[PDB]
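*Asks:* Compact mmCIF, N, CA, C and O atoms and all ligand atoms, file input.txt:
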```txt
# COMPACT_ATOMS: atom_id res chain seq x y z
N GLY I 1 0.84 -1.21 0.00
CA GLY I 1 0.00 0.00 0.00
C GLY I 1 0.86 1.25 0.00
O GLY I 1 1.97 1.23 0.54
N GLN I 2 0.38 2.36 -0.55
CA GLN I 2 1.12 3.61 -0.59
C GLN I 2 0.19 4.82 -0.74
O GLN I 2 -0.95 4.69 -1.18
N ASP I 3 0.74 5.97 -0.35
CA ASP I 3 0.26 7.34 -0.35
C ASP I 3 1.50 8.18 -0.71
O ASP I 3 2.62 7.66 -0.65
N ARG I 4 1.38 9.46 -1.07
CA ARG I 4 2.55 10.28 -1.39
C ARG I 4 3.60 10.34 -0.25
O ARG I 4 4.76 10.62 -0.56
N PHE I 5 3.24 10.10 1.01
CA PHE I 5 4.20 10.08 2.13
C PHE I 5 3.82 9.07 3.23
O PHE I 5 4.42 9.06 4.31
N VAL I 6 2.84 8.21 2.98
CA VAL I 6 2.37 7.17 3.87
C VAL I 6 2.40 5.85 3.08
O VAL I 6 2.44 5.81 1.85
N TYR I 7 2.44 4.75 3.81
CA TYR I 7 2.62 3.39 3.35
C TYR I 7 2.00 2.49 4.42
O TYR I 7 1.39 2.98 5.37
N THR I 8 2.19 1.18 4.32
CA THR I 8 1.75 0.19 5.29
C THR I 8 2.90 -0.78 5.60
O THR I 8 3.93 -0.75 4.92
N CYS I 9 2.67 -1.64 6.59
CA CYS I 9 3.49 -2.80 6.90
C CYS I 9 2.45 -3.87 6.74
O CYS I 9 1.59 -3.99 7.61
N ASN I 10 2.48 -4.66 5.68
CA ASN I 10 1.53 -5.76 5.50
C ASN I 10 1.73 -6.84 6.56
O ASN I 10 0.97 -7.81 6.60
N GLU I 11 2.70 -6.70 7.48
CA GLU I 11 2.82 -7.57 8.62
C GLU I 11 2.11 -7.02 9.86
O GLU I 11 1.62 -7.81 10.67
N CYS I 12 1.95 -5.70 9.96
CA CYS I 12 1.17 -5.07 11.03
C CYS I 12 -0.24 -4.73 10.53
O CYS I 12 -1.16 -4.53 11.32
N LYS I 13 -0.40 -4.61 9.21
CA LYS I 13 -1.57 -4.14 8.47
C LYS I 13 -2.04 -2.83 9.09
O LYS I 13 -3.23 -2.56 9.25
N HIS I 14 -1.03 -2.00 9.37
CA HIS I 14 -1.14 -0.64 9.85
C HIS I 14 -0.22 0.20 8.96
O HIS I 14 0.61 -0.32 8.20
N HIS I 15 -0.39 1.51 9.06
CA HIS I 15 0.33 2.53 8.35
C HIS I 15 1.77 2.67 8.85
O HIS I 15 2.05 2.46 10.02
N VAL I 16 2.65 3.09 7.95
CA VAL I 16 4.04 3.42 8.21
C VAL I 16 4.40 4.61 7.30
O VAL I 16 3.76 4.82 6.27
N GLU I 17 5.42 5.39 7.63
CA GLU I 17 5.89 6.52 6.81
C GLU I 17 7.09 6.07 5.95
O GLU I 17 7.48 6.74 4.99
N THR I 18 7.67 4.94 6.29
CA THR I 18 8.79 4.34 5.61
C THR I 18 8.56 2.83 5.58
O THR I 18 8.33 2.22 6.63
N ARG I 19 8.61 2.20 4.39
CA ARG I 19 8.40 0.75 4.24
C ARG I 19 9.44 0.13 3.33
O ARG I 19 10.06 0.79 2.50
N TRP I 20 9.50 -1.19 3.40
CA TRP I 20 10.22 -2.09 2.53
C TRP I 20 9.04 -2.65 1.75
O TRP I 20 7.98 -2.92 2.33
N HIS I 21 9.16 -2.79 0.43
CA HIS I 21 8.03 -3.16 -0.43
C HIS I 21 8.47 -4.23 -1.39
O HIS I 21 9.42 -4.03 -2.14
N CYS I 22 7.79 -5.37 -1.37
CA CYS I 22 7.97 -6.52 -2.25
C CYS I 22 7.49 -6.24 -3.66
O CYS I 22 6.31 -5.95 -3.87
N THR I 23 8.38 -6.37 -4.64
CA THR I 23 8.09 -6.17 -6.07
C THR I 23 7.88 -7.51 -6.82
O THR I 23 7.88 -7.58 -8.04
N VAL I 24 7.73 -8.54 -6.01
CA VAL I 24 7.48 -9.93 -6.25
C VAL I 24 5.98 -10.14 -5.98
O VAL I 24 5.22 -10.43 -6.90
N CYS I 25 5.58 -9.95 -4.72
CA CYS I 25 4.23 -9.99 -4.19
C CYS I 25 3.45 -8.75 -4.69
O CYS I 25 4.01 -7.77 -5.17
N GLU I 26 2.12 -8.78 -4.53
CA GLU I 26 1.21 -7.69 -4.90
C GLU I 26 1.33 -6.54 -3.91
O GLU I 26 0.59 -6.48 -2.94
N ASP I 27 2.28 -5.63 -4.13
CA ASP I 27 2.53 -4.41 -3.36
C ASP I 27 2.60 -4.63 -1.84
O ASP I 27 2.27 -3.75 -1.04
N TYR I 28 3.06 -5.83 -1.46
CA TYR I 28 3.24 -6.26 -0.08
C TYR I 28 4.30 -5.36 0.54
O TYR I 28 5.25 -4.92 -0.13
N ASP I 29 4.15 -5.09 1.83
CA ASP I 29 5.00 -4.17 2.55
C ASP I 29 5.45 -4.73 3.87
O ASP I 29 4.77 -5.59 4.42
N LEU I 30 6.50 -4.12 4.42
CA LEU I 30 6.96 -4.34 5.76
C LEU I 30 7.54 -3.06 6.34
O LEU I 30 8.33 -2.39 5.66
N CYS I 31 7.20 -2.75 7.60
CA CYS I 31 7.86 -1.71 8.35
C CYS I 31 9.29 -2.21 8.60
O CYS I 31 9.63 -3.38 8.40
N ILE I 32 10.14 -1.30 9.06
CA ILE I 32 11.54 -1.55 9.31
C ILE I 32 11.77 -2.74 10.24
O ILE I 32 12.60 -3.59 9.93
N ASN I 33 11.05 -2.78 11.35
CA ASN I 33 11.18 -3.84 12.37
C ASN I 33 10.76 -5.19 11.80
O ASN I 33 11.44 -6.19 12.02
N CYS I 34 9.66 -5.23 11.05
CA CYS I 34 9.21 -6.45 10.44
C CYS I 34 10.20 -6.89 9.37
O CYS I 34 10.61 -8.05 9.38
N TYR I 35 10.66 -6.01 8.50
CA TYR I 35 11.67 -6.36 7.50
C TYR I 35 12.91 -6.96 8.19
O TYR I 35 13.42 -8.00 7.76
N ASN I 36 13.35 -6.35 9.30
CA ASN I 36 14.47 -6.76 10.13
C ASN I 36 14.31 -8.13 10.81
O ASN I 36 15.29 -8.62 11.36
N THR I 37 13.11 -8.71 10.85
CA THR I 37 12.89 -9.94 11.60
C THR I 37 12.16 -11.01 10.79
O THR I 37 12.61 -12.16 10.72
N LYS I 38 11.10 -10.62 10.09
CA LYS I 38 10.28 -11.46 9.21
C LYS I 38 11.09 -11.95 7.99
O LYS I 38 10.58 -12.76 7.23
N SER I 39 12.34 -11.50 7.82
CA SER I 39 13.33 -11.96 6.83
C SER I 39 12.78 -12.16 5.40
O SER I 39 13.10 -13.16 4.75
N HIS I 40 11.98 -11.21 4.90
CA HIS I 40 11.44 -11.23 3.56
C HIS I 40 12.63 -11.13 2.62
O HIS I 40 13.33 -10.13 2.61
N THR I 41 12.87 -12.21 1.90
CA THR I 41 14.05 -12.39 1.10
C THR I 41 13.82 -12.10 -0.39
O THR I 41 14.67 -12.42 -1.21
N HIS I 42 12.66 -11.55 -0.78
CA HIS I 42 12.33 -11.40 -2.18
C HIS I 42 12.85 -10.09 -2.75
O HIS I 42 13.32 -9.20 -2.03
N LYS I 43 12.72 -9.92 -4.07
CA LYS I 43 13.13 -8.72 -4.78
C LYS I 43 12.21 -7.57 -4.36
O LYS I 43 11.07 -7.45 -4.83
N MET I 44 12.70 -6.72 -3.47
CA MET I 44 11.99 -5.58 -2.88
C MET I 44 12.54 -4.24 -3.38
O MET I 44 13.48 -4.20 -4.17
N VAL I 45 11.95 -3.16 -2.90
CA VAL I 45 12.28 -1.76 -3.04
C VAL I 45 12.06 -1.21 -1.60
O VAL I 45 11.67 -1.94 -0.68
N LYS I 46 12.29 0.07 -1.38
CA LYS I 46 12.13 0.72 -0.10
C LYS I 46 11.74 2.14 -0.46
O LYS I 46 12.35 2.70 -1.38
N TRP I 47 10.76 2.66 0.25
CA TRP I 47 10.27 4.01 0.08
C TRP I 47 10.27 4.54 1.50
O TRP I 47 9.83 3.81 2.40
N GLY I 48 10.82 5.72 1.72
CA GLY I 48 11.04 6.22 3.06
C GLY I 48 10.89 7.71 3.08
O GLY I 48 11.18 8.35 2.07
N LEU I 49 10.38 8.20 4.20
CA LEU I 49 10.04 9.61 4.38
C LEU I 49 10.25 10.12 5.82
O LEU I 49 9.98 11.29 6.06
N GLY I 50 10.73 9.30 6.77
CA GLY I 50 10.92 9.76 8.14
C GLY I 50 11.93 8.95 8.96
O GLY I 50 12.77 9.56 9.63
N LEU I 51 11.87 7.62 8.90
CA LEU I 51 12.71 6.70 9.65
C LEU I 51 13.27 5.68 8.65
O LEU I 51 12.77 4.56 8.62
N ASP I 52 14.21 6.11 7.81
CA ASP I 52 14.78 5.25 6.76
C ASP I 52 15.62 4.13 7.38
O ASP I 52 15.41 2.96 7.00
ZN ZN O 1 7.48 -10.89 -0.52
ZN ZN O 2 5.53 -4.42 10.76
```
Turn the structure described in the file into C-alpha cells.
*Replies:*
Amino acid sequence: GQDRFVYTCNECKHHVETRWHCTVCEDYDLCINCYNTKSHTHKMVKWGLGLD
C-alpha cells in the first residue's frame, strides 16, 4: 500500500511513513522492524520519508 508520504506494513496491516516493499508480491509491505525480523528475502524496493 502507498500514499505520497504514507505506506503500510503488510505484517502489522497498519500505516508506516517508511516501508520495505515486495516487487514480487502484490505491493506487499513491511515496516523496518518487520523487515528486520520477518526476513522477507524477495526482490523488494524501499520508500522512506521519516525513519529510513
Ligand atoms: Zn514478498
Ligand atoms: Zn511491521
*Asks:* Select the residues contacting ligand ZN 1 (chain O) at a distance of at most 6 Å, based on only N, CA, C and O atoms and all ligand atoms, then format the selection as a count of residues only.
*Replies:* 5
*Asks:* So which residues are near ligand ZN 2 (chain O), meaning at most 7 Å away with only N, CA, C and O atoms and all ligand atoms counted, given back as a PyMOL selection string?
*Replies:* chain I and resi 8-14+29-35
*Asks:* Quick one: pull the distance between atom C of residue 45 in chain I and CA of residue 4 in chain I, Å, one decimal.
*Replies:*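 CA of residue 4 in chain I lies 14.9 Å from atom C of residue 45 in chain I.
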*Asks:* Once 6 Å is added on each side, what centre and edge lengths in Å to one decimal does the axis-aligned box around all listed atoms of range 19-38 of chain I have, as lines of an AutoDock Vina configuration file?
*Replies:*
```
center_x = 7.9
center_y = -5.3
center_z = 2.2
size_x = 26.7
size_y = 27.0
size_z = 32.4
```
*Asks:* Go ahead and compute the interatomic distance for atom N of residue 28 in chain I and atom C of residue 3 in chain I, in Å to one decimal.
*Replies:*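 These atoms are spaced 14.1 Å apart.
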